[PDB]
Structures are given as C-alpha cells and as structure tokens.
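Virtual Cβ from ideal backbone geometry, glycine too; neighbours counted across all protein chains shown. Just so it is clear, none of the values below were taken in a lab; they were calculated from the coordinates.
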Amino acid sequence: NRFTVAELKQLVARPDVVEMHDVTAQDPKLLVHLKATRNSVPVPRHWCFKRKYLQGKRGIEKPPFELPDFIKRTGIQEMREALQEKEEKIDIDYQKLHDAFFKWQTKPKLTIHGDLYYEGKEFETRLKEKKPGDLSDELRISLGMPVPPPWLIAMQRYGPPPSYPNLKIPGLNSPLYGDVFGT
Amino acid sequence: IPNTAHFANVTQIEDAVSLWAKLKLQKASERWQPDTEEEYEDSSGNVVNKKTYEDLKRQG
Amino acid sequence: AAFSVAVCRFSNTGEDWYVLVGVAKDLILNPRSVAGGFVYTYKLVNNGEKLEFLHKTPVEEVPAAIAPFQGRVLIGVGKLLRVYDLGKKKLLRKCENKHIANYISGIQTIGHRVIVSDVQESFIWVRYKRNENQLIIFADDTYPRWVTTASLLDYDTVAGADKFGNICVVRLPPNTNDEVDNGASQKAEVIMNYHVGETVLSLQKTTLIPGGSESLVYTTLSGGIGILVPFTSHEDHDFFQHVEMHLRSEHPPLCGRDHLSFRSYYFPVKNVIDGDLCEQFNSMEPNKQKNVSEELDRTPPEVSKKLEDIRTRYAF
Amino acid sequence: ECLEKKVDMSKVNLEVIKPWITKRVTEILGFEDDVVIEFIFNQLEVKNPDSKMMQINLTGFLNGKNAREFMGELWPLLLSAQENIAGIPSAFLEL
Amino acid sequence: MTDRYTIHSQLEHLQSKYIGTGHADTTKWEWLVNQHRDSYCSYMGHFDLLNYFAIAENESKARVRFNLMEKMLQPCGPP
Amino acid sequence: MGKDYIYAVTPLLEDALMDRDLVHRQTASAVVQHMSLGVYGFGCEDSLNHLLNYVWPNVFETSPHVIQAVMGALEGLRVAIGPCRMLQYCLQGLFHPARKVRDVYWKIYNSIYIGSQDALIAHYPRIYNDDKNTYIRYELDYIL
Amino acid sequence: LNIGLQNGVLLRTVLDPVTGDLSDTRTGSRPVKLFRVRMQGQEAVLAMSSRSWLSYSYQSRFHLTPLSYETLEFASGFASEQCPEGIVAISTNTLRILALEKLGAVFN
Amino acid sequence: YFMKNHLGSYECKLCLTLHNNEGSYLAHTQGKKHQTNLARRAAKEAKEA
Amino acid sequence: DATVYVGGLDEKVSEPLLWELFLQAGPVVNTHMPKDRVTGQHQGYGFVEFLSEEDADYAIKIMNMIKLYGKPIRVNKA
Amino acid sequence: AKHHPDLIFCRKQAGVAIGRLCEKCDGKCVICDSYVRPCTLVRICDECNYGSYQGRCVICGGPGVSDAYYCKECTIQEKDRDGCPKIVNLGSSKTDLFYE
RNA sequence: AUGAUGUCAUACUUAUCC
C-alpha cells in the first residue's frame, strides 16, 4: 500500500529532495511536487528531535547580546555602567541621540526568506567558497607580502592544481589588482 | 556509470543506465542547426542544415 | 486560433519587415488539450499595406510567445523556448530551451538578456550565449505569481502584472552574475508589490504629456486606466505616507473593508501609495480635513495643492 | 441490522401499537411503569422517527439484549403497517 | 441493533464545528477535495476572477457558475 | 513607528531567538509577533522573513507557553509576510506520517487556513492526477 | 481669479482681500486668453490658445481637458432652443457654433 | 570548570549545566565526571600516552 | 594521501584560515584543527581529508610553501 | 488568557447588546488582555445579556460600569470578528480565595 | 559522546489570587 523510497525517487524528476519519512505520508506525489518548488522553504529539523529545539544550549555561555555602533557612539552604555556601579543623572545630549537614530543609522544584516533558523546556527559560519586566487586580508598580514601570493611562485614549478583544474592565477596563464591573484 | 545528485540512492545497475540516459545533458545541443543563409531565391527556398551549409560553402 | 504576433526584420534578410503570427490547432478550452501549432509568416508588401503568406512552419506545442532578439525570432511554444531563424521553406530553429516550469506565457527580450514569463511561475531572467547558441537562465524569483503582462523598467528591474488583480515589480540584485553556465541559484527580490484590485493586462512606462515625467501607466480588464508614478523626494513620500495613514483612520471605505487589507490581498504592500485614497481629502468633512492638516502641520488648500502638484507633474 | 431501513410513522396507526409495546415492556422490565410508556409515546410522536435513537434510548433501558429484540419487533410491525395500503399491522387484520 | 458508537461528547473539548480546517489524521483525498471546494468557492466569490475565467471560455457567466456549483459535491469521489 | 527600528532589533532577536534558554525563544517570539502586527503593509517584510528563518525551528516543543507563544508569532508573521511564504514553509510537513510533524504542521496549516482562506487559492502547487482522480485544476490553464 | 499671460503660461490666485496661494502650468506658444462659459449648469472658464482647455471643478477637484478640435481666437457662451448649452467660438475668418455634450474631463 | 553567571549564580563549563547555588557547583566536583570524558580530547590532542 | 599533518602554527590562525589557506591549493573537504579546551588555545597542528588522493599528492608536492605568522608550516602525507 | 488558562469563552452569536466592563477590570482587553490601543467595541450575545445577565462585565463578570472594547492588535489579527467572548466557566480562580 | 527514566533542590511564566 506504500511505495518504497527507490520507486519514489525514480518516479520523481528531482530525487535530491526526497527523505525517508516522506514514504509514510498519504500522498507522496503531491509532497514531492511541493518539496521541489522554486521558492519553497523546508520544514524545521525538530520534527524528529526530542529536545523541543531549545534544550540543546545547556552549557553554552556565550555573549548574551551585542549593541550596535549607533548606540555605542552615544555614550549611554558608559553612563549606564557608571550608574550601575554607583548603585551597586548623566544628561549628555538630546540632539546627539536623534542624530545617531536618524543620520548615523546603520542598516543591520538581515537574512534571506529561505534562511530559516537552524538548531545551533552559530558554529557553521559558512560563507560562499573563498577558493584559489582569492584570500582574506589578515592572512595576508600573517603572510606579510606588500601589495602574486608567494606559493603561486611554486604553482609555477609543480603545475596547476589537480583539485581546481580550471584554475588561472596571475602572471602564469592569467595575465590582477588588489587582493585577488587568481580566478 | 557516472554518479549524480539524483542517482545517489540507486542500488540496482539497471536503473542507473536509464538514469544516466535521462540525465544525459537534459535535451538541448542545438545552437546553430539551421543558420545557413541559402541564396538560391532568398525568399522561401533555403531549407538546409548547419553541416549541409558548411559542405556547400566548402564545395562552392 | 492565433495567440501571438510579431512584426520585425531578419538579420539574414534585408530591410523587409516580416510579420510572424503563431497559431494553434484543436486547442481545448478546459483540459488545455492541444493537438499542434503553426507559425505563419507574412511579407508586409506595399510598405506594410498588404500581407502575403510566405511560409507556415508547424510546431508541436501551441506558440504563445514571439519576439525579435538580435536579428532572430524567439519562439516560445509551451514549455519550450526556441530561437528560430528565417528560412526559405520553414523557420529553422537554431536553439532550444526546455527549462520552463509549465508554459511560456510571455517573453520580453532585453538587448543582452531575455526575460520569459511563465503561466503560474513568476518571470525569470535568462542569458543567451551568442557563441554556443545556448540560453542559460541566470536568475529566478522566490514567489510564484500568475503573470499576465510585464514590462521592462530597466536593465535589471522588471514590473509584471498578476491575474489575481495585483501588480508587482522585481529588481535584480547588483551582485548577480549574468555570465554563468530551490530551482536556481541567484534569486530576484521583489522591490514593489501592490494589489490594484482589477485584472491588469497592459503595462507601459511612457510620457502621457510632453514636458512632464514618465509614469507606469497600467490598464485594467474592467475598463479602467491607472498610472503609477515614483516619488521624487523622500520628504514628499513621507508626507504622502502620513497623509495616507491619517486618511485610513479618518475616512474608512464604505464597503467595511480595510485599506491595508485590500492592498495586501495577494501580496504584502511594499513602497506603494494609493492616490485615490488621498484624493478623498477634498470630498471628506471640512473639520476632519482641518484636523488632518493640523496633524500634518499644514493647510487643507496646501494639502490640495500638494496633491494636485503630483498629478500635474505626472499626468494630463 | 434491522434499524437501517427508513420508515415513517405518518402512514401507520398509533392505537394498534400500544398493546404490543405494552406487552414487550411488561416482558422486558417485568412490571408496568409510566416512563417506558411515555418514552414509547414520544418515540412515535414524530412523523419521521429515528430507529437508532430509539434503540439507544431502549438499547440500554433494559440490559442491552431484550431492547434489541424489542426494537427489531417494533421496526418490523411498523414496516408491515407502512407497507400495507390500509396502515395497520398483521395482528390487527385477524382481530 | 447494538452499535456501541455514541460520538456525543467527552469533556467539552475538540468537537470540530468549522468546515475546511482539517485534522492531523486527515487523508490526502479529503484535503484535496476540501482544497478544490475552497477554490470553487473562491472562484464563485471573486467577481474579477470569475470574469477572467468566463472571458477565456466560450460559456456565459451564469452557466459557468451553475457548472461550478454542480461540481462542488463529490469532485474527486474517493475521500 | 516600528517601520524603522525593526532593523535595529533584528540582529539582537537573532541572538536571543537563537536559544540560550527557552524563555529567550518565547519572549523574543512575542516580540516578533507584536512587531509583525505593527509594521504591516509598509514594505519591510524582507528582514521579517530573515527573522522567520530563526523563528522556524522552535515549532517543536511540548511547553505550553512556548508553543502558544510560537503560535501567536507565526500568526502575526502570517499576516505581515503574507500567506504564500508561510505555506511554502508549511507544505512538506503535512505529509509526514510520524505522530509529530503531521500534528504540528497541520496545526500551523490550520492556523494559516482559517484566516485568508480566500487568498490561498493561487499558492496551492501543481499536483499530478492519479488513476481514479483528476488532481489538476485546468481552469487556471485556460489561455486566451 | 485666473489671469492669462502673453506667453504659454497662466497664473491663478484665490479671491480674498489679500493674495493667497498661486498655481501655474504651461498652457504653449500662444497668448492665453480667458473666457467665461456655463458648463453643466456651473460657471466654467474657456481658454483661447493653441489648445482650447476648459477648466471645470468636479466634486471639490478641478478638471481641465483640451478641446479635440482646431484652435480658436475668441469664444463666448451660447444658449438657444437648438443649442441649450453651447459655446460660440470665433475661428480664423470663420464662425463656428459648437457645444460640449459629452463630459470632456476624461480621455475621449 | 567553575564559571560565574551575570545574575549571581554559577555555571559548569565541563558539565555544561547550571548551578542554582554555590553548593550546587561545589557538589558537581566529585560528581558530574566530565573529567573522565576529557580522555577522548586528550587522545585527539596527543596520540601518545 | 587524502589527509595531511600540519605543524608549527600560531593560535590566531584557526580552522578558517586553514580552510581558506589550503583550498588556495585545492579544497579541504574535511578540516581538523584541534581546539584545546583546558586553557582554550591551539597547539597548531592540523589534519586534512581531501576529495581523493591525487589532490593530496599534488598537495605533498606544492603544499609545504605556506608560512603561518612569519613562520614555517609542516605538511606531510597521512 | 495569561491569568486564567482554563477559562472558556462563550463564542455565541453576536447580537445588538454592547458589552460592558467592571470597575475592577476597566481598560483590560478581552482577547489580547492589554491596556493600550482600543480600536473596536465589544458586542455581547443575546442569551448572555438578558434580565440579570445584562449590564455585567464580560471578563470580570461583576457589575459593569464602563463599556468594554477590544485591542487594536486583536482587531488587526481578526481576533475580534469571532463570537461573543463571555466568560461562562469559572475554574481554578476565586474558589479557594473565598475560604480565606 | 548526546538520549533514557527516576529521588531531589533551583529559577522562570501565567498582569494567577485574599
């Protein structure tokens, strides 16, 4: 009465989204069509868990919260800390707070419509895929080269990398400005 | 049989051949299969393919 | 039964404008059952005074999209987007694309890219490679919409109508790479959405009066003509938003519905100001108009002049 | 069961069903009461009565065994009265 | 005629009274029939959608309305 | 007036909604609710979608206050974002025969269903027709 | 109080003991003349320029649409048995008795 | 493993649990054997004994 | 060869500049750079699992040119 | 609500009787149970307001003085277009307090 | 190295309440 997962994956045009719990549904064809939509979002990962999505962060004691630059550039945090130290007033300004709230307003980092909150969502700070020919600033500092990164001197001798065959890096077969020395 | 994202859960080898045949670059490969610009009458008579027009240009 | 028509010239031919019209054969008006399609070609002789049938190339699907693109004709028959060239016997298809979801309902071709509009899915941006004759879709949308008509506002911003009586405007992100090789990687964000309430089928951004500013003039299926005009000043946009917020509390609709609920029927409102609700300030009560002007720190003739200034700048 | 056929009390008499129901109640409950006769009068007062509701009202009234037989005997007599063109059961034609 | 099935009440809880809400034990065919009935009711309620549906077909508005009202009961068949 | 400050509060809600302890998720969720009713119709929906991401995992729990909190949350998010996005998060969960995911996603889907039942029509995806039943609604495919 | 200039522009002001608000628009390459007329039982203004615009208020909202005809030099209101609500407009060496029957505030 | 909270309480880093009073963190020393679970991290840091 | 051992590092380096660092050569599929819990700091030696072996043998050839914090970086097969 | 979770509302048919609030429960909302942003008045059911049941509070159930209203957050969330929210049941509240 | 249950404190919510 219930089809197997291989028969459901062979019949579906997009078999990279089928799960093991979708065979126990009442209509796998409609679920497979709805799961393969263009702008659809998946369900949360707490459907099979037993921690109720809030009991996993028991021993994690990180920073409770961080204030923005528009609030830190007003001097209210230091005055509040001085008042808390005196209790355990300021009257700095009235137009500077309005200027920090209107003119010096910083747009926060929002998220995508499909960017749902994961369980941990703090130890997986993934970011695109900084590949061959493109590096971050600081690691430039450790490397200490003034404005090729010097092991692309040895990418001369030993050859183009097996891992990224399509590679071009400056000065060799790739005829470079700022950070990015290969594409 | 080269593997793929849809053929990850395949176990039998008989289904894998059909999966590799259907996955076979979807169904396109046709950028210039008609462009030939046949002179002849140049109005309603110029039914030729890309390779046919290439052979007609190489011959004359 | 014809569904698409286009009149342009071919790159292989001279300056002779050809009129290509796609038709369908035995189209069911219920189960979408179709037997086949055809594409008739016209000569447009006597400087566009008489049409002569040159050729009639058949098709397997019903063509609902015909648009010129770099000297060739883009023919969309069902879910197959094909680039056909001018031939002596029939239209030779030089390219083909089967990445459409259900069916290609409309096609607007930019000078570099191509924007095809699906039936139930939102429009997607597709780049056509001239070297290999391969069309690649480089952008898509996150929300599906039954699009009926669309118009290119810029090289990356496109506004399309909805069959549910709404109007949407999608803008591509500046970090989107056109040179590429759930559905697509790069998504397009909707910068403007507004439920007009009437079925729109014709959109055109042009100047209605010489000397004024261009506006997004839109038509309706109920015999109505509307126009959308962008705000030139942030202070004027904030004043119009405050006037609309005052009018939504001072003059409710007579049908018992909410203005925000009417504007958010299909999609939520984003950067849209209904001028028809602001036009009721002259028809409402004088005491309520004076209270709204005191809340806006102005005069009721000043508010009437500010409402008439945008109409004089953008309309006839 | 026997309580699935639709019947109608408007095409049947009421005075001829009182003695059979009284005998069934005297056989089931042992003695003669006034609540069971009133329940039997209320069950036949409607022009379109409910056999399942009457069985539930009399399905547990006794113990759950004599009430089913009483409902099966009252449904067949009402069916024989409604099927006849006169509107009387078979026990009224002889006497 | 012992049925032993008296869906009456328990503790003044649940007792679904709305139509089209659904439950956790709802089948796929029942949900599809409820979605089709809701789509038919939305087509019959919206005037612009009914006009756009009747302009495409060669039928009139009242005939399409009677056809949509007649197709509301048992649209699929097996619940 | 929250048409502005939404942004300011957004990352902090990120930090709070990401759970140190349940009360964070709860209260922060209530914040998402009242924000979501307040900002309605002004065009800020994007960041509310981002926050909805982090809201979404909290769906599962038996604690009454956090589950009813999350309910209020997703209701306000329903009206603000519009149903289409909601439903696009609620589709796959329906199916699940597991005695949990179906209970919940059907509870949600009901909450989304009662209100705005009129506007849902467009967003039900295409579902292919089987043997005994025709699951394609062809009316939407009539083309002039 | 409406006032037409020698250029293709005109400036109006309210009627009060002091001059209040002002408005202006490009009516042009023609001297803007002002003529009073009776439109729909109300006092309306008839302009004489390259385009003949007729200004009339409609539910506390002004509405001025041009005429779909040739330009005239002078105009005056007319009222007779054959023409109950019309306008006698003087053209270039020609006299024309016209009337605005259909509401010409919308797109004709 | 003893860490102070921001409200006048203790929190165990190795046991990854909360402590209500000062006696609670002082009773998770003989108990809460997270020290025996550090042998896997010690073997991962150094392959030799 | 799929994995390499990497010695002689400074704790300001983390798993990220290794990620970025060795994918400059070829992608690190699995990264391992111990975090020591007790004093909360890194000893600076690494283990890298790649897609297959060819990646990692080229990695033996090219790989030991990296210099982390002015200082030398050990890469050998494992 | 947040104070009484076991209380059940009436949810009957809406009539023409305007709801009222007691002096001890003045200003409190019925659904949202808030004190700010009143937008819509409260309407009572016909059976809920008859004889001695008229002029009584909806939430408190005592002597109503001022008319009750619904919150704007409940009005925008379409929580005010439901049935009459008259407090019918009274459980785990003001029962053991009478003994002390 | 999660999770399991169970004796047993500790915080938190319900605008809880004389």
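Side notes on the structure shown:
- The label-point distance for G:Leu1 and H:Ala46, in a model that sets each label 7 Å from Cα toward Cβ, rounds to 10.3 nm.
- Three-way shape call for the stretch C:21-147 based on the alpha-carbon gyration tensor, with the a/c threshold at 1.5: oblate
- Excluding exposed DSSP-loop trypsin sites (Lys or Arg not before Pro) (at most 12 other C-beta within 10 Å), longest clean stretch of chain B: B:28-60
- Net +/- balance of residues flanking B:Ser43 in space, Cβ distance below 12 Å, scoring K and R +1, D and E -1: -3
- Counting only Cβ charges, +1 for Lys and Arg and -1 for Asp and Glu, the dipole size of chain C around its Cα centre is about 1580 debye.
- The separation of the stretch C:39-103 from the stretch B:1-55, counted between C-alpha centres, amounts to 20 Å.
- Along the stretch C:30-36 the Karplus relation, 6.51 cos²θ - 1.76 cosθ + 1.60 evaluated at θ = phi - 60°, assigns HN-Hα couplings of 6, x, 6, 6, 10, 8, x Hz to successive residues, with x for each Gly and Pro.
- Scalar couplings 3J(HN,Hα) for the stretch A:51-64, obtained by applying the Karplus form with A = 6.51, B = -1.76, C = 1.60 to θ = phi - 60°, are 10, 6, 6, 9, 9, x, 9, 7, x, 7, 10, 8, x, x Hz; x denotes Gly and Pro.
- In the stretch D:1-94, inverting the average of 1/r over every pair of distinct C-alpha atoms gives 13.4 Å as the Kirkwood radius.
- Charge dipole of the protein assembly as shown about the Cα centre (unit charges at C-beta), most positive-ward option of D:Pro89, C:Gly22, C:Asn271: C:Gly22
- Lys/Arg +1, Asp/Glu -1 at C-beta; chain J dipole; positive extreme among J:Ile76, J:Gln13, J:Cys29: J:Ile76
- Percent of Cα pairs exceeding the 21 Å cut-off, where the set is the stretch A:20-93: 63
- Chain I shape via C-alpha gyration tensor axes, a/c threshold 1.5: prolate
- Two-site FRET efficiency, G:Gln40 against E:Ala62, from Cβ-Cβ distance with R₀ of 41 Å, rounded to 0.05: 0.60
- Dipole magnitude for the protein assembly as shown: computed about the Cα centre from +1 point charges on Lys and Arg Cβ and -1 point charges on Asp and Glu Cβ, it is near 1880 debye.
- On Cα atoms only, tilt of F:64-81 relative to the major axis of chain F in degrees: 70
- Separation in nanometres of the label points that stand 7 Å from Cα toward Cβ, at G:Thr25 and D:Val46: 7.3
- Gap separating the Cα centres of the stretch A:105-183 and the stretch D:1-60, nearest whole Å: 89
- Whole-Å distance, taken between Cα centres, linking the stretch C:202-263 and the stretch F:16-76: 33
- Fewest-first sequence of J:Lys72, C:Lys288 by Cβ atoms within 10 Å of each Cβ: C:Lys288, J:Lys72
- With viscosity 0.890 mPa s and temperature 25 °C, the Kirkwood radius over alpha carbon pairs of the stretch F:71-135 converts through Stokes-Einstein to a diffusion coefficient of 191 µm²/s.
- Nearest 10 degrees, 0 to 90: helix D:66-83 Cα axis against chain D principal axis: 10
- Rough spin-label spacing in nm, given labels placed 7 Å along Cα→Cβ, for C:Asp309 and B:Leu56: 6.7
- The charge dipole of the stretch E:15-79, taken about the Cα centre with unit charges on the Cβ atoms of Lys, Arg (+1) and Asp, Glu (-1), comes to about 120 debye, rounded to the nearest 20.
- Taking a ≥ b ≥ c as the square roots of the eigenvalues of the Cα gyration tensor, the protein assembly as shown is classed as rounded, since a/c falls below 1.5.
- Using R0 = 45 Å, the C-beta based FRET efficiency linking A:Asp137 and C:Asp154 works out to 0.85.
- Hz values of 3J(HN,Hα) by residue in the stretch B:49-54 - Karplus curve (6.51, -1.76, 1.60), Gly and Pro given as x: 9, 6, 5, 5, 5, 5
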